[PDB]
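The data below hold one chain only, encoded as structure tokens and taken in the form deposited in one PDB entry.
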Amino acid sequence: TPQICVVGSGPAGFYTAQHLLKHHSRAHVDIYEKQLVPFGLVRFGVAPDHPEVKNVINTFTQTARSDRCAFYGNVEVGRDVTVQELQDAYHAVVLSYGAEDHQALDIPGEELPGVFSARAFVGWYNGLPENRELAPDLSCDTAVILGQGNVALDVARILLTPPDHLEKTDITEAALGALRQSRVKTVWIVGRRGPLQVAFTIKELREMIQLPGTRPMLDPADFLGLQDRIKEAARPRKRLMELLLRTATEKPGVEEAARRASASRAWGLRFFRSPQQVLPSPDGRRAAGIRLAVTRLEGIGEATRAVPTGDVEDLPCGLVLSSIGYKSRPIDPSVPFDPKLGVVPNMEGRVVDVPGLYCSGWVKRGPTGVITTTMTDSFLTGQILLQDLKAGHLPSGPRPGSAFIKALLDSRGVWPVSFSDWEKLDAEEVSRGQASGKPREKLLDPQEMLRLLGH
């Protein structure tokens, strides 16, 4: 009876667990999680208006209810239980704890109220306990997001969607309340490179273009000669560039021109601009603008770099959201860590110089992957682990698994949240969504959750 442990209950932990249970008929898998609830960024990252994306929770829930899987929420690995303790208790340990640190802008003015990481703003509207009191001031009329990826689009979309259109989503009642009173009518998504370097994907881009009550603001000048540089582009990429190109350059028909004219909100793309400094309001109490350095591109293809021209532009705004990069956090002394890449050094999932220690997901490969990428990558780790297990490369015979860890946790006063405990909270959240017509009404207060989890 192989004993395997997984650290983190996001997509990487769950898909690694699913692979192990599917391919090994006897292995037992325990999933440890620091939050009181499972699912990671599927719950706290994926937007409320993208419920379809969250459906992977149904297969995760089937794995968690299986006889050979157990969940241990409210257990912070590296604090409540050490990695060495897990290594001593299990035949293999898989680190799947994501990339929790958001990269700071590292620019003057970043401290001004009104400046936030995009992921923290997302955590706020998604009920992540640590961002519950983010209290973003939406009394300004314009928001600026730095970085042209899908997270940027999610924030822009949430800020500009007519609030009534979010009523039947699982967005928090607290954030929806704040959104109804928001004065934000304009959102700029700024990148230091050009149109060909955007990181957004087409579903999300089209959602933005077609968002009811809004109009797109694209400068045709930024797209000069694009059709020409995309003729040898990969299909998906070319399709995305053609959609941008049409939006920027095609004169709309009568009906669309009218719809755009009557739109009270707008969003746009700004290119070749790098964040230099956040400007304060006259009394220094809040952000009043962003000073950007004009850039120009050098290099060819993927090696293109933005270099400063010397010119600067001041763009007025009351909200500045940074949406560019994340790094893993060091978790424990027994685990090697690469501070530059912000990952646990590894070779195809095997942690460098640590027999029996593996990694999957963002902590394995960096934060570039989407859920599907995370899923296949976790299957790669799962294969290497199972082959190592089958080969007799991990400890022989007995390993106590949770029997040993629970004896430690019992003595430390740590009471883990089981999957059945989570089902209790899940049922409560879903029932609370019944009156308001939502999928659920997330509990935000950790203490109230502990009561509702049976603790």
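In case it trips you up, residue 1 is the first one in the sequence shown, and so on. Superpose the two forms; the largest set of C-alphas matching within 1.5 Å is the rigid core.
J.: Per the entry, where is the mean C-alpha temperature factor higher: 430-438 or 10-18?
T.: Higher of the two, by average CA B-factor, is 430-438.
J.: What stretch has the higher average Cα B-factor here, 142-150 or 351-359?
T.: Going by the record's values, the stretch with the higher mean is 351-359.
J.: Would you mind checking which of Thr172, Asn74, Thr249, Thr161 has the top Cα temperature factor in the PDB entry?
T.: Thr249 has the highest C-alpha B-factor of those listed.
J.: Return the residue from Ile371, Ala118, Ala257, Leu112 that has the highest Cα B-factor in the entry.
T.: Out of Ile371, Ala118, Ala257, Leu112, the record gives the largest C-alpha B-factor to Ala257.
J.: For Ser418, does the deposited CA B-factor place it in the lowest, middle or highest third of the chain?
T.: Lowest third.
J.: Grab the CA temperature factor for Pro330 from the record and place it in the lowest, middle or highest third of its chain.
T.: As the PDB entry reports it, the C-alpha B-factor of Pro330 lands in the highest third of its chain.
J.: Among the chain's modelled residues, which third holds the C-alpha B-factor of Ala104?
T.: Its C-alpha B-factor belongs to the highest third of this chain's values.
J.: State the tercile, meaning the lowest, middle or highest third, of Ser411 with respect to the CA B-factors recorded for its chain.
T.: Highest third of the chain for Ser411's C-alpha B-factor.
J.: Where does the C-alpha B-factor of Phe200 rank in its chain, lowest, middle or highest third?
T.: CA B-factor rank for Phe200: middle third.
The next section is about a form of this same protein that is not shown, the form deposited in another entry.
J.: Tell me, with the core superposed, which single residue in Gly268, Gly213, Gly177, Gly299 has its C-alpha moved by at least 2 Å between the shown form and the other one.
T.: Among the listed residues, the outlier is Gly299.
J.: Relative to the superposed rigid core, does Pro308 relocate between the shown form and the other one - that is, does its Cα move 2 Å or more?
T.: Yes; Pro308 is a residue whose C-alpha shifts (by 2 Å or more) between the shown form and the other one when the cores are overlaid.
J.: Considering a change of 3 Å or more, are the Cα atoms of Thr247 and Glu302 closer or farther in the other form than here?
T.: Farther, not closer.
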